[PDB]
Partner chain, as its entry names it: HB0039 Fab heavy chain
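Starting off, we have a lone chain in the form deposited without its partner chain, written out as structure tokens.
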């Protein structure tokens, strides 16, 4: 006997409730838009009507990304995941962005599906308060069988979000194995690991956690595909990606890029003892060929009414593509980063009363903080809604005084694990940096010139290790985020500045028409 299971999966949807452009920015030309929950619902139902055994799983980071989340604060997540009848969700790092209070009340209490993480352990007064609102696993009836779904969440959540001091994030593999072993003693012979630690950790789970049949992941925005890919995303490997486990088995690993653009689809043939005989599938592109379900669409447009205040006023105009995509902004100089750094610098010089920062000419900005492009076609209008998707996190652009030695180490940290699509890669203003990636980690910065301070005419001069420099940067970086521990520990002064989104909108309003270029601020030799 064989038993067939269809796994449908989303990850890193990031508040893209409505359909979007091809690059996940706002939908303008409806005929070429993609994703959104209403389209997803249609494709899910087509599969459900065709296959008997279907699970619809989310691998986390539903929270944060557009004005949907700014206004509704996770209540939209509960509502539309409930309407889609998700079977389970794993907690991502962004689910803790509004604290544990912003997780509990909006999402955990209102979800009609189990929410999972086996490596998150509650301590003190929070333990009884959150008890049973999330679970380490759920065992789900699927026709005549059961399927065990075990959850996990990135160990980096305390450095990326606001989980608070009364949660502990354990190692995934140490936390998962006892739960998986327990499930076997409970006669659960089919086990899916569902979680939010990235493709590299997903592969290690597949390899090391004995009993895991399939891994459904998130957090790295990993596109996997078998065959000719249907859009711009370049596959990192085949779908499914096959890990050869230490216990001698083939464990498929899946992810479905991000932003609800694709629906993950994996058909698994199990034997009677719960072992994978075979699996096949591919992410399904949610393009115009799949219609938006009318009922969901009507419900989305009902919730949309409150959001239209944010798209009323044109702040200004771009005449160039504002490339705020992760493929650009985490690997090389991107023009959206240049815009944000120039706005940071420009708006700080408005504050003429405060003398200590009134010539600040230097800027750093983590590429992973840039969260959407903006499109120039159809008259390139920029509203608050457009900006909210670029800069969703509600942080500030703060002022720090740093030694040149601290800054050189930050630029080394910027490319220490380069190639892995990590957020710590720095966009800059008033700095020209040259990297040589063939050199060893910690010695890749071959040139670092900065705008002078004690000079009448600003020019780019070599950074001196013993000099001191005034930089404008996100509070996330000032507070030691993205492993920038040298900044937090070595900084000499640190002042709070203005709110990030307000800074960029003011700049755009003043400039009216923007046209930021890639200029050679970051080069590679």
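Residue numbers count along the first chain shown, from 1.
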**OP:** Tell me which of 450-458 and 254-262 has the higher mean C-alpha B-factor in the deposited entry.
**Re:** 450-458
Subject >> 158-166 versus 195-203 - greater average Cα B-factor per the deposited record >> reply: 158-166
Subject >> Residue, from 45, 62, 66, 496, that the PDB entry assigns the highest Cα B-factor >> reply: 496
Original post:
If you compare 437, 322, 81, 75, which has the highest Cα B-factor in the entry?
Top reply: 437
Original post:
Where does residue 522 sit by CA temperature factor within its chain: lowest, middle or highest third?
Top reply: middle
Subject >> Ranked against its chain, the third holding the CA B-factor of residue 52 >> reply: middle
Original post:
Hey, what third does residue 39 fall into on Cα B-factor, ranked over its chain?
Top reply: lowest
**OP:** Select lowest, middle or highest to describe the third in which the CA B-factor of residue 15 falls within its chain in this entry.
**Re:** lowest
Original post:
In terms of the chain's CA B-factor thirds, is residue 225 lowest, middle or highest?
Top reply: lowest
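Heads up, the form deposited with its partner chain bound isn't pictured, but that's what we're talking about next.
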Original post:
Quick one: which of 283-291, 419-427, 141-149, 205-213 gets within 4.5 Å of its partner chain in the bound PDB entry, going by heavy atoms?
Top reply: 141-149
Original post:
So which of 188, 268, 445, 391 gets a non-hydrogen atom within 4.5 Å of its partner chain in the bound PDB entry?
Top reply: 188
Original post:
Ok, 86, 257, 199, 435: which has a heavy atom sitting within 4.5 Å of its partner chain in the bound PDB entry?
Top reply: 86
Original post:
Is residue 439 one of the residues lying within 4.5 Å of its partner chain in the bound PDB entry, judged by heavy atom distances?
Top reply: no
Original post:
Using heavy atoms and a 4.5 Å limit, would one call residue 82 a contact residue for its partner chain in the bound PDB entry?
Top reply: yes
Original post:
Any of the heavy atoms of residue 306 lying within 4.5 Å of its partner chain in the bound PDB entry?
Top reply: no
Subject >> Contact of residue 113 with its partner chain in the bound PDB entry (heavy atom, 4.5 Å) >> reply: yes
Original post:
Who in 245-263 is close to its partner chain in the bound PDB entry, meaning a heavy atom within 4.5 Å?
Top reply: none
